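Structural characterization, general
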Amino acid sequence: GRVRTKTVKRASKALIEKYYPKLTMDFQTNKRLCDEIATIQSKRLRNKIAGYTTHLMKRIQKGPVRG
Amino acid sequence: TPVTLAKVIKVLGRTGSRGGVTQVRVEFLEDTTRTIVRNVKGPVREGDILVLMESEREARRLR
Amino acid sequence: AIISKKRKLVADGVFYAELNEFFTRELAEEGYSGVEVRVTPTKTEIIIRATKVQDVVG
Amino acid sequence: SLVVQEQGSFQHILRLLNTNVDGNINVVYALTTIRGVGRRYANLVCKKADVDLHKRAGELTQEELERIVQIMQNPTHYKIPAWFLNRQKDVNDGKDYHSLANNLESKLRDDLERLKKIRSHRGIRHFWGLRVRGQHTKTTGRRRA
Amino acid sequence: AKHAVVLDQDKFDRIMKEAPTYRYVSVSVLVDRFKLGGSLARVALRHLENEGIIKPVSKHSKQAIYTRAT
Amino acid sequence: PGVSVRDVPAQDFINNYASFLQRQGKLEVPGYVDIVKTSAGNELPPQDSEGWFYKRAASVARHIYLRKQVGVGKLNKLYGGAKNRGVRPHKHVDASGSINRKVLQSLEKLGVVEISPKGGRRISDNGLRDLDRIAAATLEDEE
Amino acid sequence: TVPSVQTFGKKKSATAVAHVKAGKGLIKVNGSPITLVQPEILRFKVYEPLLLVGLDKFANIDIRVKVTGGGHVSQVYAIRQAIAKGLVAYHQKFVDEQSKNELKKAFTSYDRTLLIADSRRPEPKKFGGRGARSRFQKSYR
Amino acid sequence: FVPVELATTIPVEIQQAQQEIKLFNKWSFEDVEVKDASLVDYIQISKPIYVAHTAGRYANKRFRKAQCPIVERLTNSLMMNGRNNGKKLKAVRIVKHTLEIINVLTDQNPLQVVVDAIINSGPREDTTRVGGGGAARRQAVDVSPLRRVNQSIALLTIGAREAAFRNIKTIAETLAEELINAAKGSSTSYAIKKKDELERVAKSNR
Amino acid sequence: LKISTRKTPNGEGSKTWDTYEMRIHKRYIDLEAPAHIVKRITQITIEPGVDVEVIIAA
RNA sequence: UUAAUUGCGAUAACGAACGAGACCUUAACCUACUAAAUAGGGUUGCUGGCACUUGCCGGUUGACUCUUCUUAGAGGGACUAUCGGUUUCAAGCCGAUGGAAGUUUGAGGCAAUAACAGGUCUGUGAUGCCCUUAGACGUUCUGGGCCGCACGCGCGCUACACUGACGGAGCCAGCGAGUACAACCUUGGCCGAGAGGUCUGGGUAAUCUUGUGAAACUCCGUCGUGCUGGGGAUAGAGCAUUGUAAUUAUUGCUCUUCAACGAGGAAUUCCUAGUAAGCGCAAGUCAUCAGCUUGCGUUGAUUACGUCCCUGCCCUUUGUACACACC
Ligand SMILES: [Mg+2]
Ligand SMILES: [Mg+2]
Ligand SMILES: [Mg+2]
Ligand SMILES: [Mg+2]
Ligand SMILES: [Mg+2]
Ligand SMILES: [Mg+2]
Ligand SMILES: [Mg+2]
Ligand SMILES: [Mg+2]
Ligand SMILES: [Mg+2]
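Listed as the method for this PDB entry is cryo-EM; the listed resolution is 3.46 Å.

Now the structure itself:
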């Protein structure tokens, strides 16, 4: 059921591109960072974005990733 | 009549016409390293033991 | 005086609706857009927004 | 705690008021077989008599039966309030009446006849073979019985 | 009425000689071997239960199961 | 350590109370017994006949003890159930109010139940004592 | 001044508020002792917070439960939950942590509902049907 | 070992059944062996339950059904027919009665008997309606342990229900009888008969 | 405040319903003061849509 | 791959928009805030009953204080997190673990492009045109009819009992609704087997009805599988109630009557979790009438966690002499 949308994934990617230093690993910190930087309207959406970013970060620490 | 105890290794894709049968790879307990694949009714899983009636018989895709 | 609070609220809404309808009926040539109702102490305040203000004034 | 025995000293399989009032059935719930005596009424009658309700109708001493019978036909005599009867305030006389066994049916028939004679709607309905009590029959009851 | 559940004395006697060193002593059980039932079987059981012999294990409404004294 | 009604198996207590009442003879039976429905949505009068109005009274008393203030309508509501309305779904129907009223009156006469402020009925001190005694008796029996 | 805490138990709609106090060892539900409750077949559910961890913890803790809402079964469940909570809460507050942990372990091993309140709640009914999912009988003749 | 009372004094029986053994309705969940290779992990026992009524989240995932105490499952099964449907207390009561009956007759743990019944009423090979076009011809197929368990549970309950239809023999007694028949493979039981029939059918189709 | 209406005006169609709901917020504040002060407090701080109501005296 | 043109990808397309999603309402958690004699507690006054030691259950808006339950403001919280498998090591899916929550967290509200001769001119002082327009198709009274029955079908209710029936007794809900110009909801006291009267009240309402002590349920008893105490249709008579008016029983109650039906053929509907089903209650219409309806709780399963075999829909490739489109 749970597959992330354009508006999550793309945003997350953008965030990663901008802020790989200072957007690190664990969830809560990432969420906080998102809240600080991105102008996310909803809370839930923001949370989702943060989660995606965290996932991306996790993936990174095992090799490079496309896009 | 002989009865064998068959331990499931790999779930081998849900077959049948209505999807009421799960094809399964079973390697039986007291004769391990024998990979005879059979069709099973019900919710099956890896590591399950099956009580069957014919030890050496092949069950092919139910079309 | 002496009417249920929810009921009163409902009635208020109804009244507002009625007023709006009336304005739509009348001030069509003047180009009526919107009504505001303020039930303050002593006086009820009806604010009208229309395209022709002068006409409305008379 | 003790079972009340009796080998067969009190004779079973009885008849009261023409037809059959059989054994193994309770004192009250065998009086129901008699037309006109329903349940509550029967119970009341039993109470008036003073019979054990743990008793079969197959037993019973004759005196008790007689008393019950007496109670049955004339209840206004006894401590029965008499305002739960068939013909209370009555069709003709103006008395508390409760017909029983082979009589109630006859009375009903008579009433029906009277109605027919009068030429009221219910009578007409009865004559036809239809529903009196305004149960509108676009459907419902399609075997004539 | 298909009998089995009446009154009698022979039946009672039989019941009485059907209690020491016994497994099954219920209402249904009683009914089974052509004997009394309803709220008579229980009474019969009690008649033996009052003088030792049968012991109650379950006493629910319209369902009761009994076991002899060991 | 102390006994009260609140500490007793309820049915047993009720039974005990009924027995006590019977022993007394004192209550005032109005004489509706062996005629009446109890609940106006019933197929039958009581299956005990001789008594059980005592039982009802006892139950009422217990209820009163449990609560603060109890009335007639409330009692009816409590005691009524679901009337079989024929080929139609069941409905909650209140019990026979007159009977309840009579019971209350009897209780009052006895010195168990007392008319309260605001409205309805509460318990008398003597009544309370009696209840306590009954509870104690029940406990003893259990023991 | 007495060591006491206020823990609840919730199931479906039912709520049971248990006050756990220092003293002699009382377990009372709506004023009536634990020995009653009386759906009777579910009496052992209410006993499960007592006997799983033992009566040894109960020698100094007094439990007064007020139960409202729900049905009967639900109420019982709520009461049980409250009881489970209360001792643990007391331990956390006025005894020690290890003991509390042990208690939790004991509880957790046998049944989940004792500490974690049940997730499930009635789905709303919607139109074109008797219940939440079940529709009316559609007919094509 | 050691009875200690509190302020609100608890009955002795309850005290007795506490620390050493977590008894079921009023006897041990211990002993009671799953006497079959397979149907282990799919018949629960092991975890000692007090009542056959837990809250339970057993239809949530996939195999949450398998981690449910078998008694509870039986009760649930019993609960069927729409007039009876809901009313799990009644089912529990019935189960209790059955257990008592079992205890009374041939002794043992009634639980053990139940387990045996479950084992010996689950069909080993079933037939699915596979036509290869639309013809009513059937195909011989193996059975999952969970499925075997479930069907067994169903069958006994069904038999009990059938027995109960116009009888003095209160469902519980009937159920007990069925269990007895099953544990000591009889062919007088309904479930067992059904299983046998199924087996025969499978044999034919193969 | 709940209302249930068939979405249709005419009646034909799959029987679909509406749940038009209006939520009422009622809140009270208790003060011990002279009445004049209370009046002063309440004569200002009035926002359109909110109903300000005073019981006054014991 | 996904619930999804949801994504991962492959790539003469690249980057976008609407729809999906996001959203919003609601349902879940909050010993963290902010609060309360229109919520609930604690101690303590007085006070009732107990054992009688201090202790147990009570009644009182007598004090003082508290906010766990309560309500509802502001926040927080879950993002499939952590780990393990599996898969171009992708999107994702599966399994533990922690957690209030791990099926889009549960349920909805909204919902594109293009349409249909679908339904409404019996919702409209929305309405074209046509008819009609004073023996009016305007009206307004009066009675009747919409409800008639050889008969077809369509939702439903009641049931064919022993998992019951009937009697006691035990005894727990959540959504609601509720009058001053009327006659709303109506406790409590007396009268009545009921239905109902009556006097009095309390409430324009978290305050009173109302803890809606609702049913199903649980406890002990009577019948034990017989168209039987299963079941309740027709009936007959009375007593009530609403209304100006109850026959063509409005309805409520009382006694009596006891019909058809031992689980339903050809068929076929609905459904995957607090769901199915059981059971009431509730508002809607309402002067009066519930077998209907939107909600709501209460009790609570069985079985998949899949597949195109059927059915319908969608797409791709093909054929077409059809494009009012296979009627
Ligand atoms: Mg019924
Ligand atoms: Mg992983
Ligand atoms: Mg959604
Ligand atoms: Mg058309
Ligand atoms: Mg026109
Ligand atoms: Mg319909
Ligand atoms: Mg209320
Ligand atoms: Mg009859
Ligand atoms: Mg009408």
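1. Some details on the packing of aromatic side chains
A complete count under the given rule lists 11 aromatic pairs over all chains for this structure. Measuring from ring centre to ring centre gives 5.6 Å for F24(H) and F29(H), while their planes differ by 70°; the resulting arrangement is edge-to-face. Judged by relative accessible area, which is 0%, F24(H) ranks as buried. For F29(H), a relative accessible area of 6% corresponds to the buried category. Measuring from centroid to centroid gives 6.3 Å for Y42(H) and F63(H), while their planes differ by 75°, and the two rings are edge-to-face. Here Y42(H), found in the loop between α1 (12-16) and α2 (70-78), pairs with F63(H), found in the loop between α1 and α2; they are 21 residues apart in sequence, far enough to count as distant. On the basis of relative accessible area, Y42(H) is assigned to the buried category, the value being 5%. Under the relative-accessibility criterion, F63(H) is labelled buried at 9%. Cluster of aromatic residues (ring-pair linked, three or more members): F44(G), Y47(G), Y110(G) and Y50(H). Over the ring of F63(H) we find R45(B); its NZ or CZ atom is 4.0 Å from the centre of that ring.

2. Quick notes on a positive patch on the surface
A contiguous patch of positive charge on the surface is contributed by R2(A), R4(A), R44(A), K48(A), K61(H) and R64(H). The residue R44(A) is located in helix α3 (residues 43-60) in this model.

3. Quick notes on unusual backbone geometry
At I2(C), a position not held by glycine, the phi torsion is positive, near 50°. In this structure, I2(C) sits in the segment before α1 (5-26). Looking at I2(C), the relative accessible area reads 87%, which means it is exposed. A positive phi angle, near 65°, is found at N24(D), a position not held by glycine.

4. Considerations on the pairing of strand β2 (residues 44-50) of chain C
All names here are of chain C. Pairing of strand β1 (residues 32-39) with β2 involves seven bridges; the strand directions are antiparallel. Following the sheet pairing, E36 is matched in β2 by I47. Taken together, β1 and the strand that follows it, β2, pair antiparallel across an intervening segment of four residues, in which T42 is found at a positive phi of about 65°.

5. A short note on a nonpolar patch on the surface
Together, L9(C), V10(C), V14(C), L1(I), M22(I) and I24(I) make up a nonpolar patch on the protein surface, roughly 460 Å² of accessible area in all. On the secondary structure map, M22(I) appears in the loop between β2 (17-19) and α1 (35-43). Looking at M22(I), the relative accessible area reads 41%, which means it is partly exposed.

6. Here's the deal with the pattern of salt bridges
Applying the stated rule across the entire model yields 40 salt bridges over all chains. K117(D) serves as the salt-bridge partner of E113(D), at 3.4 Å between the closest nitrogen and oxygen. Of this pair, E113(D) and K117(D) both sit in helix α3 (residues 104-118), four residues apart, which is roughly one turn of that helix. Taking the relative accessible area as the measure of exposure, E113(D) reaches 42% and is therefore partly exposed. Judged by its relative accessible area of 65%, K117(D) is exposed. Here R80(G) ties to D111(G) by a salt bridge, and the two come within 4.0 Å at their closest N and O atoms. Placement of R80(G) in helix α2 (residues 73-94) and of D111(G) in the segment after α3 (97-109) is noted, with a sequence separation of 31 residues between them. No difference in accessibility class separates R80(G) from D111(G), as the two residues are buried.

7. Side note on the protein's contact with RNA strand J
Taken together, 239 residues lie around RNA strand J, and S42(A), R44(A), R25(C), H53(H) and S4(I) are the ones closest in. A distance of 2.9 Å separates a phosphate oxygen of RNA strand J from a polar atom in the side chain of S39(E). Here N60(H) contributes a side-chain N or O atom positioned 3.2 Å from a base oxygen of RNA strand J. The element that contributes the greatest number of residues to the surface near RNA strand J is α3(A), accounting for 10 residues. Considered class by class, the residues forming the surface near RNA strand J number 64 nonpolar, 84 polar and 91 charged.

Rules and cut-offs
- Residues numbered from 1 in each chain as written, not as in the entry; some residues may be left out.
- Chains lettered and ligands numbered in written order.
- Part of a larger assembly, values for the part shown.
- Heavy atoms only, no water.
- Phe/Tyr/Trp six-rings, centres within 6.5 Å; stacked < 30°, edge-to-face > 60°.
- Buried < 20%, exposed > 50% of the residue type's maximum accessible area, 1.4 Å probe, protein only.
- Helix = DSSP H or I, 4+ residues; strand = E, 2+ residues; numbered from the N terminus.
- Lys NZ or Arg CZ within 6 Å of the ring centre and 35° of its normal.
- Patch = residues over 30% accessible without salt bridge, like charges linked within 9 Å, V, L, I, M, F, W, Y side chains within 5 Å.
- Areas by Shrake-Rupley, 256 points an atom, 1.4 Å probe, with all protein chains shown as cover.
- Salt bridge = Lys/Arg side-chain N within 4 Å of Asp/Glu carboxyl O.
- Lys, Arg positive; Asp, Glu negative; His and termini not counted.
- Charge placed at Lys NZ, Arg CZ, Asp CG, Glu CD.
- Pairing = 2+ DSSP bridges.
- Near = heavy atom within 4 Å.
- Polar contact = N/O pair within 3.5 Å; in protein donor to acceptor, adjacent residues only side chain to side chain.
- Nonpolar A, V, L, I, M, F, W, Y, C, P; charged D, E, K, R; others polar.

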